[PDB]
file coords.txt (compact mmCIF, C-alpha atoms and all ligand atoms)
# COMPACT_ATOMS: atom_id res chain seq x y z
CA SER A 1108 56.92 75.49 8.29
CA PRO A 1109 60.32 75.59 10.07
CA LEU A 1110 62.43 78.74 9.63
CA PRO A 1111 64.27 78.62 6.25
CA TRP A 1112 67.45 80.04 7.80
CA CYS A 1113 68.90 81.05 11.15
CA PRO A 1114 72.06 82.87 12.18
CA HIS A 1115 73.48 79.72 13.85
CA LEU A 1116 73.75 77.57 10.74
CA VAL A 1117 77.38 78.70 10.55
CA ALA A 1118 78.04 76.49 13.60
CA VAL A 1119 76.87 73.30 11.84
CA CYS A 1120 79.97 71.14 11.44
CA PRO A 1121 80.87 68.44 8.98
CA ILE A 1122 79.43 65.06 9.40
CA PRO A 1123 81.79 62.49 10.82
CA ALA A 1124 82.87 59.91 8.22
CA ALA A 1125 81.72 57.16 10.72
CA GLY A 1126 78.25 58.52 10.05
CA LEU A 1127 75.37 58.76 12.47
CA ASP A 1128 73.81 56.11 14.69
CA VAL A 1129 70.22 57.01 15.24
CA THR A 1130 69.96 54.32 17.95
CA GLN A 1131 72.84 55.80 19.98
CA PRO A 1132 71.80 56.38 23.56
CA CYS A 1133 72.05 59.54 25.62
CA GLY A 1134 75.68 60.18 26.54
CA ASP A 1135 74.74 61.13 30.12
CA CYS A 1136 71.83 58.90 31.27
CA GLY A 1137 71.92 56.17 28.64
CA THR A 1138 68.25 56.44 27.68
CA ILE A 1139 67.23 55.07 24.30
CA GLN A 1140 64.34 57.55 24.10
CA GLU A 1141 63.96 60.98 22.52
CA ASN A 1142 67.64 61.49 21.66
CA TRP A 1143 69.15 64.29 19.62
CA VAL A 1144 72.57 64.69 17.98
CA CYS A 1145 74.44 67.97 18.29
CA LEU A 1146 75.23 69.38 14.87
CA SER A 1147 78.42 71.03 16.15
CA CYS A 1148 80.16 68.21 18.08
CA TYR A 1149 78.01 65.13 17.27
CA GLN A 1150 77.43 64.13 20.91
CA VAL A 1151 74.05 62.51 21.54
CA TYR A 1152 71.79 63.55 24.42
CA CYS A 1153 68.14 63.14 25.42
CA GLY A 1154 65.21 65.48 24.92
CA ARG A 1155 63.25 67.70 27.25
CA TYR A 1156 60.62 65.06 28.01
CA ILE A 1157 63.14 62.47 29.25
CA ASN A 1158 66.02 64.02 31.26
CA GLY A 1159 66.82 67.16 29.30
CA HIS A 1160 70.46 66.36 28.67
CA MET A 1161 70.58 68.01 25.24
CA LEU A 1162 69.25 71.26 26.74
CA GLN A 1163 72.00 70.86 29.39
CA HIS A 1164 74.61 70.34 26.67
CA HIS A 1165 73.42 73.50 24.93
CA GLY A 1166 73.78 75.39 28.20
CA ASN A 1167 77.29 74.21 28.91
CA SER A 1168 78.66 74.30 25.35
CA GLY A 1169 76.63 76.99 23.62
CA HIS A 1170 76.12 74.71 20.67
CA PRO A 1171 73.05 75.91 18.84
CA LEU A 1172 71.50 73.28 16.57
CA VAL A 1173 70.46 69.73 17.29
CA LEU A 1174 68.87 67.01 15.14
CA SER A 1175 66.09 64.72 16.41
CA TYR A 1176 66.52 61.00 16.01
CA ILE A 1177 62.69 60.71 16.18
CA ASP A 1178 61.66 62.88 13.21
CA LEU A 1179 64.90 64.36 11.75
CA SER A 1180 63.83 67.92 12.62
CA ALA A 1181 66.52 70.41 13.62
CA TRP A 1182 66.01 72.72 16.62
CA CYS A 1183 67.95 75.86 17.42
CA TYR A 1184 68.09 76.61 21.12
CA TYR A 1185 68.93 80.29 20.57
CA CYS A 1186 66.17 81.00 18.02
CA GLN A 1187 63.79 78.63 19.86
CA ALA A 1188 62.58 77.30 16.53
CA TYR A 1189 62.88 74.53 14.07
CA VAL A 1190 65.13 75.30 11.08
CA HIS A 1191 65.50 73.72 7.69
CA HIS A 1192 68.12 74.73 5.14
CA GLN A 1193 70.37 73.13 2.50
CA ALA A 1194 73.26 73.20 5.08
CA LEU A 1195 71.25 70.53 6.97
CA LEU A 1196 70.32 68.30 4.02
CA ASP A 1197 73.36 66.02 4.10
CA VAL A 1198 73.10 65.31 7.83
CA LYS A 1199 69.32 64.77 7.60
CA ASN A 1200 69.78 62.40 4.66
CA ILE A 1201 72.48 60.40 6.44
CA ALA A 1202 70.22 60.09 9.48
CA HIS A 1203 67.23 59.10 7.31
CA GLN A 1204 69.29 56.35 5.59
CA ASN A 1205 70.50 55.02 9.00
CA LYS A 1206 67.04 55.16 10.55
CA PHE A 1207 64.87 53.77 7.76
CA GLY A 1208 67.31 51.85 5.55
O1 LIG B 1 64.06 68.51 23.66
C1 LIG B 1 64.95 69.31 23.36
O2 LIG B 1 65.99 69.52 24.10
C2 LIG B 1 64.91 70.12 22.08
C3 LIG B 1 63.66 70.93 21.93
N1 LIG B 1 63.26 71.78 22.83
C4 LIG B 1 62.04 72.34 22.46
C5 LIG B 1 61.29 73.22 23.25
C6 LIG B 1 60.03 73.62 22.80
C7 LIG B 1 59.54 73.18 21.58
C8 LIG B 1 60.28 72.31 20.79
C9 LIG B 1 61.53 71.89 21.24
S1 LIG B 1 62.61 70.73 20.55
ZN ZN B 2 69.80 61.78 29.11
ZN ZN B 3 77.63 69.97 20.91
ZN ZN B 4 69.40 79.92 15.45
call {"tool": "encode", "arguments": {"input": "coords.txt", "output": "structure tokens"}}
result
Amino acid sequence: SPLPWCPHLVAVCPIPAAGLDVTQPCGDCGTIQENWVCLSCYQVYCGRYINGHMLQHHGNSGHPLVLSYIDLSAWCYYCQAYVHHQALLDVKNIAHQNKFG
């Protein structure tokens, strides 16, 4: 199981009314692969196995929680764990609808 809570959920911000684009490329390198969306500022950056731009974004912003456009899991960089909680349901559901129809 993911953690059912973490102390950084307070930093999850409202979903833009434009919604989410799960095909959006990395804002730095432009890769289509292994992207995440930041649940604070909604910038999109690639995962550790591509060029690590989301980890970089965490480092330079301190934003805690990011959502995978592969599997809709949410990672907290501070807790170094996956987290699931009702505060993430709306954003996960919006991503699921955009990804899968
Ligand atoms: O790729 C990323 O930037 C986010 C993630 N970092 C890790 C590190 C270890 C285990 C799972 C994850 S998910
Ligand atoms: Zn990148
Ligand atoms: Zn951010
Ligand atoms: Zn956390």
call {"tool": "closest_residue", "arguments": {"input": "coords.txt", "among": "A:1162, A:1169, A:1126, A:1111", "to": "residue 1193 of chain A", "atoms": "all atoms listed in the file"}}
result
A:1111
call {"tool": "closest_residue", "arguments": {"input": "coords.txt", "among": "A:1187, A:1163, A:1180, A:1131", "to": "residue 1149 of chain A", "atoms": "only C-alpha atoms"}}
result
A:1131
call {"tool": "residues_near_ligand", "arguments": {"input": "coords.txt", "ligand": "ligand ZN 2 (chain B)", "cutoff": "10 Å", "atoms": "all atoms listed in the file", "output": "PyMOL selection string"}}
result
chain A and resi 1132-1143+1151-1163
call {"tool": "residues_near_ligand", "arguments": {"input": "coords.txt", "ligand": "ligand ZN 3 (chain B)", "cutoff": "6 Å", "atoms": "only C-alpha atoms and all ligand atoms", "output": "PyMOL selection string"}}
result
chain A and resi 1145+1147-1148+1150+1170
call {"tool": "closest_atom_pairs", "arguments": {"input": "coords.txt", "of": "chain A", "to": "ligand ZN 4 (chain B)", "cutoff": "9 Å", "atoms": "only C-alpha atoms and all ligand atoms", "output": "tab-separated table"}}
result
residue	atom	partner	partner_atom	distance
A:1112	CA	B:ZN4	ZN	7.9
A:1113	CA	B:ZN4	ZN	4.5
A:1114	CA	B:ZN4	ZN	5.1
A:1115	CA	B:ZN4	ZN	4.4
A:1116	CA	B:ZN4	ZN	6.8
A:1171	CA	B:ZN4	ZN	6.4
A:1172	CA	B:ZN4	ZN	7.1
A:1182	CA	B:ZN4	ZN	8.0
A:1183	CA	B:ZN4	ZN	4.7
A:1184	CA	B:ZN4	ZN	6.7
A:1185	CA	B:ZN4	ZN	5.2
A:1186	CA	B:ZN4	ZN	4.3
A:1187	CA	B:ZN4	ZN	7.3
A:1188	CA	B:ZN4	ZN	7.4
A:1189	CA	B:ZN4	ZN	8.6
A:1190	CA	B:ZN4	ZN	7.7
call {"tool": "residues_around", "arguments": {"input": "coords.txt", "residues": "residue 1194 of chain A", "least_positions_apart": "4", "cutoff": "10 Å", "atoms": "all atoms listed in the file", "output": "ChimeraX atom specification"}}
result
/A:1112,1116-1117,1119-1121,1198-1199
